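Chemist: Here it is, the structure in full.
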Amino acid sequence: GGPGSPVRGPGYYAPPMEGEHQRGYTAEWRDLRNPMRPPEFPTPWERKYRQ
Amino acid sequence: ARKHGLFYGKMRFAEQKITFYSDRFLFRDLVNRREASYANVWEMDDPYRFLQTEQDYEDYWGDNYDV
Amino acid sequence: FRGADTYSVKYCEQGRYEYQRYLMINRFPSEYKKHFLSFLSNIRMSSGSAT
Amino acid sequence: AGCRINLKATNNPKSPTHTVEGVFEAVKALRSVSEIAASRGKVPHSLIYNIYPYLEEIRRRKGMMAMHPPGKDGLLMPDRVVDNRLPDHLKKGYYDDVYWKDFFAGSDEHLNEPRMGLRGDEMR
Amino acid sequence: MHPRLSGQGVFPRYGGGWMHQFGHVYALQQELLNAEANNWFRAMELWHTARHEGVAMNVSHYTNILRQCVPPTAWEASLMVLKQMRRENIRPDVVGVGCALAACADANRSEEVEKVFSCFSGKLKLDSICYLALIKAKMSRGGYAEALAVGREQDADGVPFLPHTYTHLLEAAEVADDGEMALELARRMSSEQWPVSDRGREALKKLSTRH
Amino acid sequence: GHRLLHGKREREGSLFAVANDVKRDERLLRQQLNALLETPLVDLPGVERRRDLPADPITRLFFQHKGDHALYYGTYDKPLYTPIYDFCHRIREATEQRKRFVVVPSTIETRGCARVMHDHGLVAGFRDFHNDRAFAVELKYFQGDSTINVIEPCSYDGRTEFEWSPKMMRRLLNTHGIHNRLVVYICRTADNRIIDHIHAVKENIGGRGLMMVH
Amino acid sequence: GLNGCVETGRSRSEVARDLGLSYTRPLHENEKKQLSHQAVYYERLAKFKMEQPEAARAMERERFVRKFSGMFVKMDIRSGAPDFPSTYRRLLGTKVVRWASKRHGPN
Amino acid sequence: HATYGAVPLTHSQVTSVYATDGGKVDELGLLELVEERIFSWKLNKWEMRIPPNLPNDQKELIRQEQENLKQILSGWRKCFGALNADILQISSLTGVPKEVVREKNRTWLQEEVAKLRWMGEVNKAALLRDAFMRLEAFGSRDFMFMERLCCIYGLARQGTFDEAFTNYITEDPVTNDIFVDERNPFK
RNA sequence: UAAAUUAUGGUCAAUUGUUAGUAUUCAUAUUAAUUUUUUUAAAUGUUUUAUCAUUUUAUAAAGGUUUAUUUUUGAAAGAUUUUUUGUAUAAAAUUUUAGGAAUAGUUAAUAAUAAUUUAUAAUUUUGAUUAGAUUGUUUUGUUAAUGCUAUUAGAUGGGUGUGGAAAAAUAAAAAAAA
C-alpha cells in the first residue's frame, strides 16, 4: 500500500516471508473481515473479552 | 410497496454471518437466547406493557407502525 | 446493500484504551535530544502572558 | 453446476460433437459425495455441512483413556468419574451425604489431631 | 447505594451484552440472587417487586428466599413460598425443601414438617437434613418411636447417616429404651468412623448403664 | 585453539570414512557401527532422551528410550522438485499404477502432510513412519478405485512458493460457494506444525501452502 | 572499537577515538601522500600571501568581485540543492548547458 | 542500594559482620517482621542492588541469584496472602475469633460445616470446607521456615540489603507520635 | 510363524432447511454510433493611505520539460512584553524505447567562505549518458481474476534583489485593517 495505506501484505497469497514477518502475516496482523472473532486485543484484556 | 415492471425478490437472511452450528459457544448462546425468547409475541405480552394508555395503543398500532 | 449488518459485542463492550498495542517507536539520538529539549522548553515556558 | 469448455487446442474447434463429448466426459469423471465418503470411510454429510462436532471426525481414532486425563490408579475412562458423569445442578443434596464420609470420617488421630501447628519447634 | 455491578463486560453475550434499557432488570436480578442477603422481609418484598416487573424467576430465587427464612424461622413465609411454587409449577430443590423443613422444625411446627415431608417424600430424592427435620419434629411432640421409625425409613431410602442424625436418633433411643436399635446405631457408627458428638456420647453412656 | 564446524554434516558429526566424497550417505555405516557398539533394546522406534517421549500413553507404549541408538533408525532410503512436489508426484503415479506402498521422502512438511492425509482418511496407513529419510505410504482403495483422486502441490512448478493468509484459508473452506471439507488443503503454520484448512480456519491462522488432495 | 554506540549515535570511529584505540589500515604511498601534502600547500599559500602582498591582493580582489558580482548568489533552495544537475534535470540541455549530463554519482 | 565499593559476602564474612550476642528472641516473630517489611515494598526497591565496578560474569551471576531470591519471596508473599484470606474467611463464616482458628481440628470443622448446611447455606458450607482443607496444608505458622530463613540469609549475603530495613518514619499506634524507627530487625 | 479369546448385556440411523465466500456462458457486456444535447464573441472598477509618493493585497494560460520533497523563526496568527534566537533546506524506494554503449565545468579529501592543492577519483552491461516518448497519478474502465487498461494535483536558475518567502503582467470573487 505504501505511505498512507494501512495494508501490509497482499490479500490472499504473497511471496515467502521469514521470522516475524511470516508470523505477522500468517497470524498476528489485523484481519478485519473475520466473521468469527474481531481483531485480537493485547494480553491482559483479551482474556476478559474472550466470551 | 412495489413499482411497475421490476420483479422484486425475497431476502432469506437479514445479514451475512457465521452459522451457530459451527461452535459450541454460539450454539449455547442461541439456545439461551431462544429460551429467553418468546415464540409468538402478541399485543398483550410484556414488551407492549408500555402502551399503558388507549391512545398509545391506537397510535402505535394504527399508523406509523412500520416507523 | 448490507442494510442489516451487525458487529460483535466485543466492540460495544470493550473498555477504553484496551485495544492500544505496545509498540516500541524508534528514533535517532539526535531526534531524542531535539524532542527532549523542545519539551523541556515548553514545560518551562512562563505563564501569565498567553500560557 | 457450472461448465466451461475450451476447444482452441483442437484441430477443428468448430466440430459439433466436441462440446457434448466433453460435457459427458466431465460428468463421467465427476464423483459423488456419497462415493467419496464411502471410499474414505466416513459419512457424506461431514464433508458438506458445518456442524461443530464434525471436527472430531477428521482427527484419527484415539483411546478415550488416552485422551482424557488419568486418575490415581492410572488410565481410567472419563465416564467412571462421578463429577465427569453427573450434572452440576444435582451434586448438592445427596452428593454431600455420600461424600461426607469422604471428608469428615477417619481415625481418632485423623479427626482430633490439629495439623495446623508449629512443625519446627523441636529443632529450634 | 448503587447497582452492585452495571456496565460493559459483566453480562452474558447472548442477551446482547449490556442493554441500557434493562439496567433495572440486571440490578433487580443481582439483588434477588444476592447470596449475602439475610433479610427475609427484604426477600419477600423483592419477590413481589420482581413479580410486578415481570422478570423470569428460576428455582434459585425461591431457594435464596427460603434460605433467608431459616435463622429467624419464618416458617409461615416459607410455607407461602412453597404454596406459590406449587401454584406456578416451579419444582423446588432439595436444599430449598430442606430450608423450609428446617424453618418449620426449629419453629416446632411438627404438623407442618409432617405435611411438607409428604408432598416431596416419594418424588424428590430427599437427603440427610430433610430426614433430620422429621426426626426433630417428631421428637418435639415426643414421638421417639416414630423418630426411630423415620430413621429406619431413611435407612430404607438409602441416604446414609450423618453424625447429627446419629446424635438425634441415639437421643430418641435413649429416652425410649431401645437397646437393640442403639446397638445397631453404635455398630454402624464404629464402622463408619464418625466423630461422636457430646450428645451421642451422653446417650451411649446412659444406655451402657442398661446394657 | 578451536575450530568451528561449518556444514550440517560437520555439525551433526560425520566420520567421512570414504576417501574424498564429502556428500557420501554414511547413514548405514553409522547405523551398524552403533549397533555393534552395544540386548535391552527392542526394534520399536527409539527416542534419544526421555522428555522427547510422546504425550499419548499408547504411543509412549510403542516408543522406547535409547541413549544414542535412537539415531540412524530406519530401513528405507531417500528415493530440484522440492520434497512436497516429489511426494505428490510419486503418490499420484503409484495410485494410477494401483500399487500398495509408496516409498516417499520424509521431511517435516511431507511427514506432517502424510499424517494429515491419514487423519482425513486418504491413506490406509504408513510403514517405517519414524524414519527420517523416507517412509512408505500404504495407499487405500475401495472397490477397485483409489481413494485419492487428485493430489497436487501448491507450487505447481517446482520453483514458486506461496504464503496463505487466514483470508485464504477461509477462501479454501468456502471454495466455489460451498462448505468445503471434501478437498483438503494443507498449510504449514508459523509454528512448524502442519494443519488442514479446517483447523486453520477454526484457529484464525494461515501458513505456507503445501498441497491439495481429494 | 568495531561497534558504534547505539544510544549516543557515535560511529565506530568515535567509539574507538574515545577509547584511545587506533584501527587504521596500512596505507599505500599515494594515501600517505594525500594525508601528508595537506600542510605543504597551506604553508605555500600562507607564505605567498606574506611574501608578495600585491599579487595576493590582486587575486583576492579577483575572487571577491567574481563572487559578489555573480548570478545565483541568493543562497536560496535552488542554489542550496546538493546535486543541481540531477535535482533540476529539465533545465539541463534546453535551458542550462553547463552540465552535459544529469548523473555524476551513485544516486 | 548499590555502592561503588559494595561487594558480595561469604559465610565467614557474614558471620563476622553480624557477630552479635543474643540469648532469647522469637525467630518466628522476627522473621514475620522482616517478611512484612519485604512485602511492604515496591518492585523498585529490588532495582539497584548489584554492586558496580564488578566483573560482568559475577555481575550476571549475582543477577540470577537476586532474581531467584525475589521470585521466591514473591511466591511466599502470595502464599501468605492466600493463607490470611482463608483465615479471615473461616473466621467470618464460623464466628470464632480468628486467633483460635489456627488450633482447630477436623471434628470442629465437621460440626461447623454441619451447622452451615443445616442453616441452608450449601455453597457457604462448601467454601468453609474448602478453605479449611486448603489451610490445614498451608497454615503452619512456620510452613516453609527453612526456605524463608535461607532467603533472608541470601539477602544478608548479597551485602546490599543491610540498609533497607531501617530509617522508616512510623507513628506510634497508641500515642500517635510520629518518629523515625532505627531498630534493624534484619540485623 | 501365536494360533480367531464367545456375554451379541443394548440396537432403536439420516433429514427440521440457520450463511467462516474470487467464481468462470468466446458471447453477452465494452466503445465511436442505432439514443449525443447544451450553450459560449473579446475590448476589463480591487482597496486604503500622510498625495506627482508611501503602507496592505505571493502560483492565469500557451510554449519549453518535469527528481520522488520542502515547517524563510523572520510577514500574519499573536495575547504582560521580547527574536527578523520561535531546529523550513535533508534521505530511503518504485519508470518507458525490435534492431543496447560508452558518459563528464566531472568523485572523494581539504587550515580551501571565494579549493593555483592531493588521490590508483566518479557514472555504466545489475543497462548509464544523449536521443525518442514523457507531469506524476491502489481514484478510470473491464474481469471469476494481485490480469489488462485510463487519468489534468502540481512544478517552472536573467522582468524589478524588492520581500518573511518570486509564486509577480492575470484575476467564478478566499471579503481584503468602521
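Chain labels follow the order of the C-alpha cells: the first chain is A, the next B, and so on; residue numbering restarts at 1 in every chain, and ligands are counted from 1 in their shown order.
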Per residue of chain E within 6 Å of chain D, note the shortest atom pair and the distance in Å to one decimal, counting only C-alpha atoms, and order the rows by chain and increasing residue number, as CSV.

Modeler:
residue,atom,partner,partner_atom,distance
E:94,CA,D:93,CA,5.8
E:127,CA,D:94,CA,5.6
E:193,CA,D:106,CA,5.4
E:194,CA,D:105,CA,5.3

Chemist: Hey, list the chain F side of the contact with chain I: 8 Å cut-off, only C-alpha atoms (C1' of nucleotides), answer as a list in words.

Modeler: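 Every residue meeting the condition is included here: residues 170, 171, 173, 174, 175, 176, 177 and 201 of chain F.
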
Chemist: Skipping near chain neighbours, those fewer than 6 positions away, what residues fall within 12 Å of stretch 78-90 of chain G using only C-alpha atoms (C1' of nucleotides), listed as a PyMOL selection string?

Modeler: (chain G and resi 71-72+96-107) or (chain I and resi 64-70+89-90+104-106+134-135+155-157)

Chemist: Determine, for each residue of chain H having at least one atom at most 6 Å from an atom of chain D, the closest pair of atoms and their separation in Å to one decimal, counting only C-alpha atoms; order by chain and ascending number, as CSV.

Modeler:
residue,atom,partner,partner_atom,distance
H:102,CA,D:116,CA,5.9
H:105,CA,D:114,CA,4.9
H:106,CA,D:111,CA,5.0
H:107,CA,D:111,CA,5.5
H:110,CA,D:104,CA,6.0
H:136,CA,D:116,CA,5.3
H:139,CA,D:116,CA,5.7
H:140,CA,D:117,CA,5.0
H:141,CA,D:118,CA,5.9
H:142,CA,D:118,CA,5.8

Chemist: With a cut-off of 12 Å and counting only C-alpha atoms, select all residues of chain H in contact with chain E and give the selection as a CSV table (one decimal) with C-alpha atoms, in the first residue's frame.

Modeler:
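The result, written out as iface_19.csv:
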chain,number,residue,atom,x,y,z
H,93,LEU,CA,-18.2,-17.9,58.3
H,105,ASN,CA,-9.4,-29.7,64.1
H,106,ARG,CA,-11.5,-31.8,61.7
H,107,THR,CA,-14.1,-32.6,64.3
H,108,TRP,CA,-14.8,-28.9,64.8
H,109,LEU,CA,-14.8,-28.4,61.0
H,110,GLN,CA,-17.3,-31.2,60.6
H,111,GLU,CA,-19.6,-29.7,63.3
H,112,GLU,CA,-19.4,-26.2,61.8
H,113,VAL,CA,-20.0,-27.4,58.2
H,114,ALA,CA,-23.0,-29.4,59.5
H,115,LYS,CA,-24.4,-26.3,61.1
H,116,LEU,CA,-23.9,-24.2,57.9
H,117,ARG,CA,-25.5,-26.9,55.8
H,118,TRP,CA,-28.4,-27.2,58.2
H,119,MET,CA,-29.0,-23.4,58.1
H,120,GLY,CA,-29.4,-23.8,54.3
H,121,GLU,CA,-26.1,-22.5,53.1
H,122,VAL,CA,-24.6,-25.3,51.0
H,123,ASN,CA,-22.3,-23.0,48.9
H,124,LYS,CA,-21.1,-21.3,52.1

Chemist: With a cut-off of 12 Å and counting only C-alpha atoms, select all residues of chain B in contact with chain F and give the selection as a list in words.

Modeler: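 Interface list for chain B against chain F: residues 18, 19, 22 and 23 of chain B.
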
Chemist: Quick check: residues of chain I within 10 Å of chain A, only C-alpha atoms (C1' of nucleotides), returned as a PDB file with N, CA, C and O atoms (P, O5', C5', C4', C3', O3' and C1' of nucleotides), in the first residue's frame.

Modeler:
ATOM      1  P     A I  20     -20.808 -20.322   7.349  1.00  0.00           P
ATOM      2  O5'   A I  20     -19.445 -19.545   7.090  1.00  0.00           O
ATOM      3  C5'   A I  20     -19.431 -18.132   6.928  1.00  0.00           C
ATOM      4  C4'   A I  20     -18.055 -17.565   7.163  1.00  0.00           C
ATOM      5  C3'   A I  20     -17.011 -17.967   6.128  1.00  0.00           C
ATOM      6  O3'   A I  20     -16.039 -16.931   5.999  1.00  0.00           O
ATOM      7  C1'   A I  20     -16.366 -18.783   8.237  1.00  0.00           C
ATOM      8  P     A I  93      17.362   3.123  -2.017  1.00  0.00           P
ATOM      9  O5'   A I  93      15.826   2.949  -2.387  1.00  0.00           O
ATOM     10  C5'   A I  93      15.088   1.827  -1.930  1.00  0.00           C
ATOM     11  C4'   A I  93      13.703   1.821  -2.522  1.00  0.00           C
ATOM     12  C3'   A I  93      13.632   2.153  -4.004  1.00  0.00           C
ATOM     13  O3'   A I  93      13.880   1.029  -4.828  1.00  0.00           O
ATOM     14  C1'   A I  93      12.068   3.475  -2.830  1.00  0.00           C
ATOM     15  P     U I 138      -1.171   5.245  -8.580  1.00  0.00           P
ATOM     16  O5'   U I 138      -2.078   4.606  -7.437  1.00  0.00           O
ATOM     17  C5'   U I 138      -1.726   3.372  -6.818  1.00  0.00           C
ATOM     18  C4'   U I 138      -2.751   2.295  -7.084  1.00  0.00           C
ATOM     19  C3'   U I 138      -4.192   2.781  -7.246  1.00  0.00           C
ATOM     20  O3'   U I 138      -4.876   1.949  -8.182  1.00  0.00           O
ATOM     21  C1'   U I 138      -4.073   1.290  -5.426  1.00  0.00           C
ATOM     22  P     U I 146      -6.743 -11.288  -7.946  1.00  0.00           P
ATOM     23  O5'   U I 146      -6.159  -9.837  -8.242  1.00  0.00           O
ATOM     24  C5'   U I 146      -5.309  -9.617  -9.364  1.00  0.00           C
ATOM     25  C4'   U I 146      -4.068  -8.852  -8.984  1.00  0.00           C
ATOM     26  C3'   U I 146      -2.775  -9.360  -9.619  1.00  0.00           C
ATOM     27  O3'   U I 146      -1.890  -8.263  -9.855  1.00  0.00           O
ATOM     28  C1'   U I 146      -2.595  -9.486  -7.274  1.00  0.00           C
TER      29        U I 146
END

Chemist: Calculated over only C-alpha atoms, which of the candidates C:34, C:21, C:2, C:27 has the smallest distance to residue A:46?

Modeler: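 Among the listed residues, C:21 lies closest to residue A:46.
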
Chemist: Using only C-alpha atoms (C1' of nucleotides), which protein or nucleic acid residues come within 9 Å of residue F:135? Drop anything in the same chain fewer than 6 positions from it, and give the result as a short mmCIF file (atom, residue, chain, number, x, y, z; two decimals) with C-alpha atoms, in the first residue's frame.

Modeler:
data_model
loop_
_atom_site.label_atom_id
_atom_site.label_comp_id
_atom_site.auth_asym_id
_atom_site.auth_seq_id
_atom_site.Cartn_x
_atom_site.Cartn_y
_atom_site.Cartn_z
CA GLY F 74 15.18 -46.68 9.53
CA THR F 75 15.15 -49.26 6.73
CA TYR F 76 14.30 -47.40 3.51
CA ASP F 77 16.46 -44.74 1.87
CA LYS F 78 15.62 -41.47 0.15
CA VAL F 102 4.81 -45.79 -1.96
CA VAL F 103 8.26 -45.01 -0.56
CA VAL F 104 8.35 -41.23 -0.28
CA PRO F 105 10.90 -38.86 1.34
CA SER F 106 10.40 -37.96 5.00
CA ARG F 111 5.59 -36.27 7.02
CA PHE F 126 2.21 -45.95 6.83
CA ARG F 127 5.28 -48.13 7.24
CA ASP F 128 8.58 -47.03 8.77
CA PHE F 129 6.97 -43.71 9.65
#

Chemist: Got a sec to pull out which chain E residues are within 12 Å of chain B, counting only C-alpha atoms, and send them as a list in words?

Modeler: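 Taking only C-alpha atoms into account, residues 12, 13, 14, 15, 16, 17, 52, 53, 54, 55, 56 and 57 of chain E sit within 12 Å of chain B.
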
Chemist: Find the residues of chain A in contact range of chain C, meaning any atom within 12 Å when counting only C-alpha atoms, and list them as a VMD selection string.

Modeler: chain A and resid 28 to 30 32 to 51

Chemist: Let me see the file: selected residues, N, CA and C atoms, as a compact mmCIF listing (two decimals), in the first residue's frame.

Modeler:
# COMPACT_ATOMS: atom_id res chain seq x y z
N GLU A 28 -0.80 -12.71 13.17
CA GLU A 28 -0.94 -11.60 14.11
C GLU A 28 -1.48 -10.32 13.49
N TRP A 29 -1.39 -10.13 12.18
CA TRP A 29 -1.85 -8.87 11.61
C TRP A 29 -3.37 -8.78 11.66
N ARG A 30 -3.86 -7.55 11.64
CA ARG A 30 -5.30 -7.32 11.73
C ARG A 30 -6.01 -7.90 10.52
N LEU A 32 -9.72 -7.82 9.40
CA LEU A 32 -10.95 -7.13 9.76
C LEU A 32 -12.20 -7.75 9.16
N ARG A 33 -12.06 -8.65 8.18
CA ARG A 33 -13.22 -9.32 7.60
C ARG A 33 -13.54 -10.64 8.28
N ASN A 34 -12.86 -10.98 9.35
CA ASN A 34 -13.08 -12.25 10.03
C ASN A 34 -14.51 -12.32 10.56
N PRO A 35 -15.25 -13.42 10.33
CA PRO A 35 -16.64 -13.47 10.80
C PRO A 35 -16.81 -14.12 12.16
N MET A 36 -15.78 -14.74 12.72
CA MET A 36 -15.91 -15.44 13.99
C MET A 36 -15.44 -14.58 15.16
N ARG A 37 -14.26 -13.97 15.03
CA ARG A 37 -13.73 -13.10 16.05
C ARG A 37 -13.26 -11.80 15.41
N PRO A 38 -13.36 -10.67 16.11
CA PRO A 38 -12.74 -9.44 15.62
C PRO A 38 -11.26 -9.43 15.94
N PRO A 39 -10.51 -8.45 15.44
CA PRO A 39 -9.08 -8.37 15.77
C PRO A 39 -8.86 -8.52 17.27
N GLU A 40 -7.69 -9.04 17.63
CA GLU A 40 -7.47 -9.50 18.99
C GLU A 40 -6.71 -8.46 19.81
N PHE A 41 -7.18 -8.25 21.04
CA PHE A 41 -6.64 -7.23 21.92
C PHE A 41 -5.34 -7.71 22.57
N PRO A 42 -4.60 -6.80 23.19
CA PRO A 42 -3.42 -7.21 23.95
C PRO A 42 -3.76 -8.21 25.04
N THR A 43 -2.71 -8.74 25.66
CA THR A 43 -2.79 -9.93 26.50
C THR A 43 -3.70 -9.75 27.72
N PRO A 44 -3.64 -8.64 28.46
CA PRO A 44 -4.37 -8.60 29.73
C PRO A 44 -5.87 -8.43 29.54
N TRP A 45 -6.31 -7.93 28.39
CA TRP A 45 -7.73 -7.70 28.15
C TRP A 45 -8.30 -8.49 26.98
N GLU A 46 -7.54 -9.43 26.41
CA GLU A 46 -8.18 -10.41 25.55
C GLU A 46 -8.91 -11.49 26.35
N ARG A 47 -8.35 -11.89 27.49
CA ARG A 47 -8.94 -12.95 28.29
C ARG A 47 -10.34 -12.58 28.77
N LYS A 48 -10.53 -11.33 29.20
CA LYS A 48 -11.80 -10.93 29.79
C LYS A 48 -12.86 -10.57 28.76
N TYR A 49 -12.50 -10.53 27.47
CA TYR A 49 -13.47 -10.37 26.39
C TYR A 49 -13.54 -11.63 25.53
N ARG A 50 -12.87 -12.70 25.94
CA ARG A 50 -12.90 -13.94 25.16
C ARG A 50 -14.32 -14.39 24.84
N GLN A 51 -15.25 -14.27 25.80
CA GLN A 51 -16.60 -14.79 25.60
C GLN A 51 -17.56 -13.74 25.05

Chemist: Residues of chain B were defined as contacting chain C if any atom lay at most 12 Å from it, counting only C-alpha atoms; please report them as an MDAnalysis selection string.

Modeler: chainID B and resid 11:18
